[PDB]
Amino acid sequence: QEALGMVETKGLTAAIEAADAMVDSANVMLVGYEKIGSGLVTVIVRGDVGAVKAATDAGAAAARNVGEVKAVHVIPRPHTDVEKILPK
């Protein structure tokens, strides 16, 4: 029932906007962001699957008005150990 949601941007400003836009719905928690170099930044949230889909949709839309979005994705997860697949 609990998903992980991601917006990956090229540019930091757009990722910060994506993060802010996603948590605007109190139904989503920010886990954090990941940098992999080459200007690529990934923002990650968790919450109920439906909330996460809606949050990620809004976050991507917002980021695209600020900079470049490279990927938007939602991963449903198991009830225990939801974040154990995340880096760092």
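All residue numbers refer to positions in the sequence shown, first residue = 1.
- The question of which stretch, 71 to 79 or 11 to 19, has the higher mean Cα B factor is settled in favour of 71 to 79.
- If you average the C-alpha B-factors over 22 to 30 and over 59 to 67, the higher value belongs to 22 to 30.
- Annotation for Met6: C-alpha temperature factor in the lowest third relative to the rest of the modelled chain, per the entry.
- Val49 sits in the highest third of its chain by CA B factor, as recorded in the PDB entry.
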